[PDB]
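Structure below is entry-v5.cif: mmCIF, N, CA, C and O atoms.
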```cif
data_my_file
#
loop_
_atom_site.group_PDB
_atom_site.id
_atom_site.type_symbol
_atom_site.label_atom_id
_atom_site.label_comp_id
_atom_site.auth_asym_id
_atom_site.auth_seq_id
_atom_site.Cartn_x
_atom_site.Cartn_y
_atom_site.Cartn_z
ATOM 1 N N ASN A 1 78.192 -89.804 -74.334
ATOM 2 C CA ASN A 1 79.243 -89.568 -73.351
ATOM 3 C C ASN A 1 79.236 -90.649 -72.275
ATOM 4 O O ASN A 1 78.345 -91.498 -72.239
ATOM 5 N N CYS A 2 80.235 -90.611 -71.400
ATOM 6 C CA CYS A 2 80.345 -91.588 -70.322
ATOM 7 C C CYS A 2 79.766 -91.033 -69.025
ATOM 8 O O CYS A 2 79.706 -89.819 -68.826
ATOM 9 N N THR A 3 79.339 -91.930 -68.142
ATOM 10 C CA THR A 3 78.764 -91.531 -66.864
ATOM 11 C C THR A 3 79.614 -92.028 -65.699
ATOM 12 O O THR A 3 79.870 -93.225 -65.572
ATOM 13 N N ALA A 4 80.048 -91.101 -64.852
ATOM 14 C CA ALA A 4 80.867 -91.445 -63.697
ATOM 15 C C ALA A 4 80.084 -91.279 -62.399
ATOM 16 O O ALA A 4 79.451 -90.249 -62.173
ATOM 17 N N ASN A 5 80.130 -92.301 -61.551
ATOM 18 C CA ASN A 5 79.423 -92.268 -60.275
ATOM 19 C C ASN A 5 80.385 -92.496 -59.114
ATOM 20 O O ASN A 5 81.084 -93.508 -59.064
ATOM 21 N N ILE A 6 80.413 -91.550 -58.182
ATOM 22 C CA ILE A 6 81.288 -91.648 -57.020
ATOM 23 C C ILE A 6 80.515 -92.100 -55.786
ATOM 24 O O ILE A 6 79.483 -91.523 -55.441
ATOM 25 N N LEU A 7 81.021 -93.133 -55.122
ATOM 26 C CA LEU A 7 80.379 -93.663 -53.924
ATOM 27 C C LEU A 7 81.338 -93.644 -52.739
ATOM 28 O O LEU A 7 82.539 -93.434 -52.903
ATOM 29 N N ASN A 8 80.799 -93.868 -51.545
ATOM 30 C CA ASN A 8 81.607 -93.878 -50.331
ATOM 31 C C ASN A 8 82.023 -95.300 -49.966
ATOM 32 O O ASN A 8 81.794 -96.239 -50.729
ATOM 33 N N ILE A 9 82.634 -95.450 -48.795
ATOM 34 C CA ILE A 9 83.077 -96.757 -48.328
ATOM 35 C C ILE A 9 81.913 -97.737 -48.247
ATOM 36 O O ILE A 9 82.105 -98.952 -48.299
ATOM 37 N N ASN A 10 80.703 -97.202 -48.120
ATOM 38 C CA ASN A 10 79.506 -98.029 -48.033
ATOM 39 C C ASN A 10 78.939 -98.313 -49.422
ATOM 40 O O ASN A 10 77.840 -98.850 -49.555
ATOM 41 N N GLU A 11 79.697 -97.947 -50.451
ATOM 42 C CA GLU A 11 79.269 -98.163 -51.828
ATOM 43 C C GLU A 11 77.999 -97.374 -52.133
ATOM 44 O O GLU A 11 77.213 -97.752 -53.002
ATOM 45 N N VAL A 12 77.805 -96.274 -51.412
ATOM 46 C CA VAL A 12 76.631 -95.431 -51.605
ATOM 47 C C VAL A 12 76.948 -94.250 -52.516
ATOM 48 O O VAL A 12 77.859 -93.469 -52.244
ATOM 49 N N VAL A 13 76.187 -94.126 -53.600
ATOM 50 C CA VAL A 13 76.385 -93.040 -54.551
ATOM 51 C C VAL A 13 76.191 -91.683 -53.884
ATOM 52 O O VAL A 13 75.103 -91.366 -53.403
ATOM 53 N N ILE A 14 77.254 -90.885 -53.860
ATOM 54 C CA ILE A 14 77.200 -89.561 -53.253
ATOM 55 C C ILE A 14 77.423 -88.470 -54.294
ATOM 56 O O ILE A 14 77.042 -87.317 -54.092
ATOM 57 N N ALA A 15 78.042 -88.841 -55.410
ATOM 58 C CA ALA A 15 78.312 -87.895 -56.485
ATOM 59 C C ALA A 15 78.168 -88.560 -57.851
ATOM 60 O O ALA A 15 78.390 -89.763 -57.994
ATOM 61 N N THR A 16 77.795 -87.769 -58.853
ATOM 62 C CA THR A 16 77.620 -88.282 -60.206
ATOM 63 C C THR A 16 77.931 -87.209 -61.243
ATOM 64 O O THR A 16 77.407 -86.098 -61.180
ATOM 65 N N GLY A 17 78.787 -87.551 -62.202
ATOM 66 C CA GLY A 17 79.153 -86.606 -63.241
ATOM 67 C C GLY A 17 79.154 -87.233 -64.621
ATOM 68 O O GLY A 17 78.841 -88.414 -64.775
ATOM 69 N N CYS A 18 79.504 -86.442 -65.629
ATOM 70 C CA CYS A 18 79.542 -86.925 -67.005
ATOM 71 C C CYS A 18 80.936 -86.753 -67.603
ATOM 72 O O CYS A 18 81.442 -85.636 -67.713
ATOM 73 N N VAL A 19 81.549 -87.867 -67.989
ATOM 74 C CA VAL A 19 82.882 -87.840 -68.578
ATOM 75 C C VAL A 19 82.816 -87.980 -70.094
ATOM 76 O O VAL A 19 82.260 -88.939 -70.631
ATOM 77 N N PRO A 20 83.398 -87.002 -70.804
ATOM 78 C CA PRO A 20 83.419 -86.994 -72.270
ATOM 79 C C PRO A 20 84.323 -88.081 -72.842
ATOM 80 O O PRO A 20 85.335 -88.440 -72.242
ATOM 81 N N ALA A 21 83.950 -88.600 -74.008
ATOM 82 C CA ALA A 21 84.728 -89.644 -74.663
ATOM 83 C C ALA A 21 86.127 -89.148 -75.014
ATOM 84 O O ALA A 21 86.285 -88.123 -75.677
ATOM 85 N N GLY A 22 87.141 -89.881 -74.564
ATOM 86 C CA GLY A 22 88.513 -89.499 -74.841
ATOM 87 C C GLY A 22 88.936 -88.263 -74.073
ATOM 88 O O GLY A 22 90.015 -87.718 -74.303
ATOM 89 N N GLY A 23 88.083 -87.816 -73.157
ATOM 90 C CA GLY A 23 88.391 -86.638 -72.366
ATOM 91 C C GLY A 23 88.310 -86.902 -70.875
ATOM 92 O O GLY A 23 88.184 -88.048 -70.447
ATOM 93 N N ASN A 24 88.385 -85.838 -70.083
ATOM 94 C CA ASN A 24 88.321 -85.959 -68.632
ATOM 95 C C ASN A 24 87.486 -84.835 -68.027
ATOM 96 O O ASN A 24 87.404 -83.739 -68.584
ATOM 97 N N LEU A 25 86.868 -85.114 -66.884
ATOM 98 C CA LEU A 25 86.039 -84.125 -66.202
ATOM 99 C C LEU A 25 86.154 -84.269 -64.689
ATOM 100 O O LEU A 25 86.369 -85.367 -64.175
ATOM 101 N N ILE A 26 86.010 -83.155 -63.981
ATOM 102 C CA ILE A 26 86.094 -83.157 -62.526
ATOM 103 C C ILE A 26 84.715 -83.312 -61.895
ATOM 104 O O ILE A 26 83.795 -82.551 -62.195
ATOM 105 N N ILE A 27 84.579 -84.302 -61.019
ATOM 106 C CA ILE A 27 83.313 -84.555 -60.343
ATOM 107 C C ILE A 27 83.387 -84.164 -58.871
ATOM 108 O O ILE A 27 84.223 -84.674 -58.124
ATOM 109 N N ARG A 28 82.506 -83.258 -58.460
ATOM 110 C CA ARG A 28 82.472 -82.799 -57.076
ATOM 111 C C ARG A 28 81.553 -83.679 -56.235
ATOM 112 O O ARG A 28 80.421 -83.965 -56.624
ATOM 113 N N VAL A 29 82.049 -84.107 -55.078
ATOM 114 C CA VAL A 29 81.273 -84.954 -54.179
ATOM 115 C C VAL A 29 80.749 -84.159 -52.989
ATOM 116 O O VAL A 29 81.299 -83.117 -52.634
ATOM 117 N N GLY A 30 79.680 -84.657 -52.375
ATOM 118 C CA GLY A 30 79.099 -83.980 -51.231
ATOM 119 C C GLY A 30 79.879 -84.227 -49.954
ATOM 120 O O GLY A 30 79.476 -83.787 -48.878
ATOM 121 N N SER A 31 80.998 -84.935 -50.074
ATOM 122 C CA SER A 31 81.833 -85.244 -48.919
ATOM 123 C C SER A 31 82.914 -84.184 -48.731
ATOM 124 O O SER A 31 84.048 -84.496 -48.366
ATOM 125 N N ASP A 32 82.553 -82.931 -48.981
ATOM 126 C CA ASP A 32 83.490 -81.823 -48.838
ATOM 127 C C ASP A 32 84.780 -82.100 -49.604
ATOM 128 O O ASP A 32 85.878 -81.938 -49.071
ATOM 129 N N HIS A 33 84.639 -82.520 -50.858
ATOM 130 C CA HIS A 33 85.794 -82.820 -51.697
ATOM 131 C C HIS A 33 85.371 -83.027 -53.148
ATOM 132 O O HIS A 33 84.200 -82.867 -53.493
ATOM 133 N N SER A 34 86.332 -83.384 -53.995
ATOM 134 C CA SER A 34 86.060 -83.608 -55.410
ATOM 135 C C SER A 34 87.064 -84.588 -56.008
ATOM 136 O O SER A 34 88.220 -84.642 -55.588
ATOM 137 N N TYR A 35 86.616 -85.360 -56.991
ATOM 138 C CA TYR A 35 87.473 -86.340 -57.646
ATOM 139 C C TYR A 35 87.450 -86.159 -59.160
ATOM 140 O O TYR A 35 86.385 -86.025 -59.765
ATOM 141 N N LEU A 36 88.631 -86.158 -59.768
ATOM 142 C CA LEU A 36 88.748 -85.993 -61.213
ATOM 143 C C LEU A 36 88.627 -87.337 -61.924
ATOM 144 O O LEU A 36 89.479 -88.212 -61.770
ATOM 145 N N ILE A 37 87.563 -87.491 -62.706
ATOM 146 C CA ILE A 37 87.331 -88.727 -63.445
ATOM 147 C C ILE A 37 87.495 -88.509 -64.944
ATOM 148 O O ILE A 37 87.077 -87.484 -65.483
ATOM 149 N N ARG A 38 88.104 -89.482 -65.615
ATOM 150 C CA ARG A 38 88.321 -89.396 -67.055
ATOM 151 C C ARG A 38 87.952 -90.709 -67.739
ATOM 152 O O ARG A 38 87.969 -91.771 -67.118
ATOM 153 N N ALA A 39 87.615 -90.627 -69.022
ATOM 154 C CA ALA A 39 87.243 -91.808 -69.791
ATOM 155 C C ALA A 39 88.059 -91.908 -71.076
ATOM 156 O O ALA A 39 88.420 -90.894 -71.674
ATOM 157 N N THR A 40 88.349 -93.136 -71.494
ATOM 158 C CA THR A 40 89.124 -93.367 -72.706
ATOM 159 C C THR A 40 88.249 -93.252 -73.948
ATOM 160 O O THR A 40 87.039 -93.044 -73.852
ATOM 161 N N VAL A 41 88.867 -93.389 -75.117
ATOM 162 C CA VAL A 41 88.144 -93.303 -76.380
ATOM 163 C C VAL A 41 87.020 -94.331 -76.442
ATOM 164 O O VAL A 41 86.035 -94.148 -77.157
ATOM 165 N N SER A 42 87.174 -95.414 -75.686
ATOM 166 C CA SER A 42 86.174 -96.475 -75.656
ATOM 167 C C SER A 42 85.305 -96.367 -74.407
ATOM 168 O O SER A 42 84.592 -97.305 -74.048
ATOM 169 N N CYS A 43 85.369 -95.216 -73.746
ATOM 170 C CA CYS A 43 84.589 -94.983 -72.537
ATOM 171 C C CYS A 43 85.011 -95.940 -71.425
ATOM 172 O O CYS A 43 84.588 -97.095 -71.393
ATOM 173 N N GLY A 44 85.848 -95.450 -70.515
ATOM 174 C CA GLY A 44 86.313 -96.274 -69.415
ATOM 175 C C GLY A 44 86.635 -95.461 -68.178
ATOM 176 O O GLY A 44 87.609 -94.706 -68.157
ATOM 177 N N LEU A 45 85.816 -95.612 -67.143
ATOM 178 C CA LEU A 45 86.019 -94.885 -65.895
ATOM 179 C C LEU A 45 87.457 -95.031 -65.405
ATOM 180 O O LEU A 45 88.051 -96.105 -65.508
ATOM 181 N N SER A 46 88.008 -93.946 -64.872
ATOM 182 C CA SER A 46 89.376 -93.953 -64.367
ATOM 183 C C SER A 46 89.646 -92.722 -63.508
ATOM 184 O O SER A 46 89.158 -91.628 -63.800
ATOM 185 N N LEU A 47 90.423 -92.907 -62.447
ATOM 186 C CA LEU A 47 90.757 -91.811 -61.544
ATOM 187 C C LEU A 47 92.110 -91.203 -61.904
ATOM 188 O O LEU A 47 93.064 -91.919 -62.202
ATOM 189 N N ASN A 48 92.182 -89.876 -61.872
ATOM 190 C CA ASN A 48 93.418 -89.170 -62.194
ATOM 191 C C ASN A 48 94.532 -89.557 -61.226
ATOM 192 O O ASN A 48 94.294 -89.876 -60.061
ATOM 193 N N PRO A 49 95.780 -89.527 -61.717
ATOM 194 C CA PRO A 49 96.957 -89.869 -60.913
ATOM 195 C C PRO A 49 97.250 -88.826 -59.841
ATOM 196 O O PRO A 49 97.658 -89.162 -58.729
ATOM 197 N N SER A 50 97.038 -87.558 -60.182
ATOM 198 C CA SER A 50 97.283 -86.464 -59.248
ATOM 199 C C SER A 50 96.398 -86.597 -58.012
ATOM 200 O O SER A 50 96.677 -86.003 -56.971
ATOM 201 N N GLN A 51 95.333 -87.381 -58.136
ATOM 202 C CA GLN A 51 94.406 -87.593 -57.030
ATOM 203 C C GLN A 51 94.319 -89.071 -56.668
ATOM 204 O O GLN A 51 94.748 -89.934 -57.433
ATOM 205 N N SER A 52 93.760 -89.356 -55.496
ATOM 206 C CA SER A 52 93.619 -90.732 -55.031
ATOM 207 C C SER A 52 92.382 -90.883 -54.151
ATOM 208 O O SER A 52 92.045 -89.989 -53.374
ATOM 209 N N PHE A 53 91.709 -92.022 -54.278
ATOM 210 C CA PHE A 53 90.508 -92.292 -53.497
ATOM 211 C C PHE A 53 90.810 -92.241 -52.001
ATOM 212 O O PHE A 53 91.816 -92.782 -51.542
ATOM 213 N N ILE A 54 89.931 -91.588 -51.249
ATOM 214 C CA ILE A 54 90.102 -91.466 -49.806
ATOM 215 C C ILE A 54 88.773 -91.645 -49.078
ATOM 216 O O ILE A 54 87.709 -91.632 -49.695
ATOM 217 N N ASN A 55 88.844 -91.809 -47.761
ATOM 218 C CA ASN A 55 87.648 -91.989 -46.948
ATOM 219 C C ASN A 55 86.886 -93.242 -47.370
ATOM 220 O O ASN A 55 85.698 -93.384 -47.086
ATOM 221 N N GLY A 56 87.581 -94.150 -48.050
ATOM 222 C CA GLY A 56 86.955 -95.379 -48.500
ATOM 223 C C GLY A 56 86.141 -95.187 -49.763
ATOM 224 O O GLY A 56 85.484 -96.116 -50.233
ATOM 225 N N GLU A 57 86.182 -93.977 -50.315
ATOM 226 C CA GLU A 57 85.440 -93.667 -51.531
ATOM 227 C C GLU A 57 85.746 -94.682 -52.628
ATOM 228 O O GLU A 57 86.633 -95.523 -52.481
ATOM 229 N N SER A 58 85.004 -94.596 -53.727
ATOM 230 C CA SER A 58 85.191 -95.509 -54.849
ATOM 231 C C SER A 58 84.503 -94.978 -56.104
ATOM 232 O O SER A 58 83.733 -94.019 -56.044
ATOM 233 N N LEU A 59 84.787 -95.608 -57.237
ATOM 234 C CA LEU A 59 84.196 -95.201 -58.507
ATOM 235 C C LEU A 59 83.270 -96.284 -59.051
ATOM 236 O O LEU A 59 83.462 -97.470 -58.782
ATOM 237 N N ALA A 60 82.267 -95.868 -59.816
ATOM 238 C CA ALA A 60 81.314 -96.804 -60.401
ATOM 239 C C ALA A 60 80.713 -96.245 -61.686
ATOM 240 O O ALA A 60 80.685 -95.032 -61.893
ATOM 241 N N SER A 61 80.236 -97.137 -62.547
ATOM 242 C CA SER A 61 79.639 -96.733 -63.816
ATOM 243 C C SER A 61 78.160 -96.408 -63.641
ATOM 244 O O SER A 61 77.527 -96.838 -62.678
ATOM 245 N N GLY A 62 77.612 -95.644 -64.582
ATOM 246 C CA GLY A 62 76.210 -95.274 -64.515
ATOM 247 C C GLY A 62 75.384 -95.928 -65.605
ATOM 248 O O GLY A 62 75.009 -97.094 -65.493
ATOM 249 N N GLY A 63 75.101 -95.174 -66.663
ATOM 250 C CA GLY A 63 74.313 -95.704 -67.761
ATOM 251 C C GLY A 63 74.510 -94.923 -69.045
ATOM 252 O O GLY A 63 75.338 -95.285 -69.880
ATOM 253 N N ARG A 64 73.745 -93.848 -69.205
ATOM 254 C CA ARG A 64 73.837 -93.014 -70.397
ATOM 255 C C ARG A 64 73.911 -91.536 -70.024
ATOM 256 O O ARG A 64 73.455 -91.132 -68.954
ATOM 257 N N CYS A 65 74.488 -90.735 -70.913
ATOM 258 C CA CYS A 65 74.624 -89.303 -70.677
ATOM 259 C C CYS A 65 74.667 -88.536 -71.997
ATOM 260 O O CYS A 65 73.684 -88.499 -72.736
#
```

Please lay out the structure from this file as structure tokens.
Amino acid sequence: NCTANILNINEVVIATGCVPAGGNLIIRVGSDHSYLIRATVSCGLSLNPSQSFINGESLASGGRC
């Protein structure tokens, strides 16, 4: 599976989830919020359209899951 890592404006990892191949999963952050992350058939981090990065947050890759 794919690994999704959510960081803040300081590029500090605050949340981490696991995104299924060709699927999508919701990742909850400790910043009193949550971000929906999805991955393609080839495993590719991506943020849902219904949502948008805020508070300077950002997305990053992990390793294995």

Find the residue from A:27, A:14, A:39, A:60 that sits nearest to residue 2 in chain A; use only C-alpha atoms when measuring.
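Of A:27, A:14, A:39, A:60, the one nearest residue 2 in chain A is A:39, counting only C-alpha atoms.
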
Enclosing box along x, y and z for every listed atom of range 31-35 of chain A, padded 4 Å each side, centre and size in Å, one decimal, as lines of an AutoDock Vina configuration file:
```
center_x = 84.6
center_y = -84.1
center_z = -54.1
size_x = 15.2
size_y = 12.5
size_z = 19.4
```

Using the chain letters and numbering of this document, enumerate as number ranges by chain the residues selected by the PyMOL selection byres (((chain A and resi 6-8 and name CA) around 12) and name CA).
A: 3-5, 9-18, 26-31, 33-37, 45-47, 53-62

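As for CA of residue 63 in chain A and CA of residue 1 in chain A, they are spaced 9.7 Å apart.
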
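The space separating CA of residue 48 in chain A from CA of residue 64 in chain A comes to 21.6 Å.
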
Could you tell me how far atom O of residue 32 in chain A lies from atom N of residue 65 in chain A, in Å and to one decimal?
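Atom O of residue 32 in chain A sits 26.2 Å away from atom N of residue 65 in chain A.
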
Using the chain letters and numbering of this document, enumerate as a list in words the residues selected by the PyMOL selection byres (((chain A and resi 41 and name CA) around 10) and name CA).
residues 20, 21, 22, 23, 39, 40, 42, 43 and 44 of chain A
